[PDB]
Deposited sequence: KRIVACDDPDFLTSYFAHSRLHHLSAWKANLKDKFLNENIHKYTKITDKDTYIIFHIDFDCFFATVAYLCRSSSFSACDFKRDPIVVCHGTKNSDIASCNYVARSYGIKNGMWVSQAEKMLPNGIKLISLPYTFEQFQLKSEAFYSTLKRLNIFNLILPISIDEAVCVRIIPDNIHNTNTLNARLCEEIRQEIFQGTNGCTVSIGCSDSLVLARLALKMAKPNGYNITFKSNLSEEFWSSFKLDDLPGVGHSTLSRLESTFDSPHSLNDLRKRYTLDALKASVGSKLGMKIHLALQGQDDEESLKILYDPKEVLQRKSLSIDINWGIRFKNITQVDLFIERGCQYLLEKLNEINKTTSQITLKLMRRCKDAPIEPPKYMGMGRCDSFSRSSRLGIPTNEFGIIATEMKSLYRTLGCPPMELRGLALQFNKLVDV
């Protein structure tokens, strides 16, 4: 019991063992690598000449499904179909990593705090909190990916995350529904009780939207030609890939608060969209609302090996950071370089460029944030440097990192988060 503090040599070990976000990142990097290792001698890229169907396949409320299947006996009482269930560490300002669809019927969402969620429950409804079972998440994910491989359906299986894969069938010069059904069935068995939904389309963007539409335990087909207003009407603006909270808020401020993708598509003009959200992103949204992928998104089909090749490496710690003096900070920075250099040597790379980035308490923010041990409201400060030669040397790297911290000049007592980055990685 009793959490290891940031000035302890084993902070990172203990914090990473508990952070579900760190697992998500680690599992993602490992799946990319596993992809590169398995396809060393496989000719891999899709062409413009190629005709293809995307099957975007994703576990439903993963984590809540798997924590529930693996639950301890003191929750046998529990019932996935009727009870609101979440997976989380605590009881107040503690993130809900995953909630089941009964929880979502009350308005509860994945990154919400437990205290916020319990306000949403009417009288006589009790939130059930399950613990994380990281090993088990990983076992179901393995069963998933081996099951996909074993059916011999796809020309290519792109790992996007621990519970999600984009699968491509190449069609030379009805079936699709049976294939959806087989995949959902075989994954449900190979996994034991877990459910997957499937979006199937001729675009990556439509497949992702079809997936959302399918989503409690179903599949949904939807091609560029099946687009209708009743389809677009069913999606929030941030159901678009690449649109999240800031873009939502900009889209709303520009197009008088459109409430569904349908309302947006009827109101927007390419020009105003670009001026609003960026251009690129605006361009992406534009193409999306016609069912089409932007060029950036497509690189993953036209060259998976490149897109999936890791181009940088870092840690980023924004919880539990509390220091009194620079000695503690320097030692921490040194430990973080030690950790990172073990990773760098494991992937047989060196670095030519480094960044130290930090979160500093805003002038106006309480010294102790509402979230226990949290970073609270902060400003970002970042500085990078080019190394003369690519190296994996501790002395070069740790010294420049401690040097970069002095240049940003954050008093230790104000530090609330810190990131150490190797931008630019050089082979061999």
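- Unmodelled segment of the deposited chain, and the only one: 174-179.
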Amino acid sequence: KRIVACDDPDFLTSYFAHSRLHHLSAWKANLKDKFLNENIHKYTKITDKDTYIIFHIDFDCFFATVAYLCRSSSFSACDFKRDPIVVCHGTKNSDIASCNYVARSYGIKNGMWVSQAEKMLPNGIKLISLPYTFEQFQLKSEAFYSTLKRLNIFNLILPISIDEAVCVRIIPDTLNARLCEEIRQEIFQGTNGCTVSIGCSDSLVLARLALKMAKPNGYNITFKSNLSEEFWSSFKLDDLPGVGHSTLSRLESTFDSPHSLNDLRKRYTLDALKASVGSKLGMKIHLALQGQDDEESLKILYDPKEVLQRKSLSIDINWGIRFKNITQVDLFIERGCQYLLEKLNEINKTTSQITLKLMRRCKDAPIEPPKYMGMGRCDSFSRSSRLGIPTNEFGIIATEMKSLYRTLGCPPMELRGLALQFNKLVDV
From here on, numbers count along this sequence of modelled residues.
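C-alpha atoms forming the largest set that superposes within 1.5 Å between two forms make up the rigid core.
- Once the structures in 9 other deposited structures of this protein are superposed via the core, the pair 307-315 and 274-282 is resolved in favour of 274-282 as the more displaced stretch (C-alpha RMS).
- The segment moving more, judged by mean Cα distance from this form in 9 other deposited structures of this protein after a core overlay, is 123-131 among 86-94 and 123-131.
- According to the PDB record, 231-239 carries the higher mean C-alpha B-factor of the two stretches 231-239 and 332-340.
- Averaged over CA atoms, B-factors in the entry run higher in 360-368 than in the other of 360-368 and 60-68.
- The top Cα temperature factor in the record, among 106, 75, 323, 134, falls on 75.
- Within the selection 313, 114, 272, 162, the deposited Cα B-factor values reach their highest point at 272.
- Sort the modelled residues of the chain by CA B factor and residue 374 lands in the lowest third.
- Placement of the Cα temperature factor of residue 390 within the chain: middle third of the modelled residues, per the deposited record.
- Compared with the other modelled residues of the chain, the Cα B-factor recorded for residue 200 ranks in the middle third.
- Among all modelled residues in its chain, residue 265 ranks in the highest third by Cα B-factor.
- The entry lists a Cα temperature factor for residue 143 that places it in the middle third of the chain's modelled residues.
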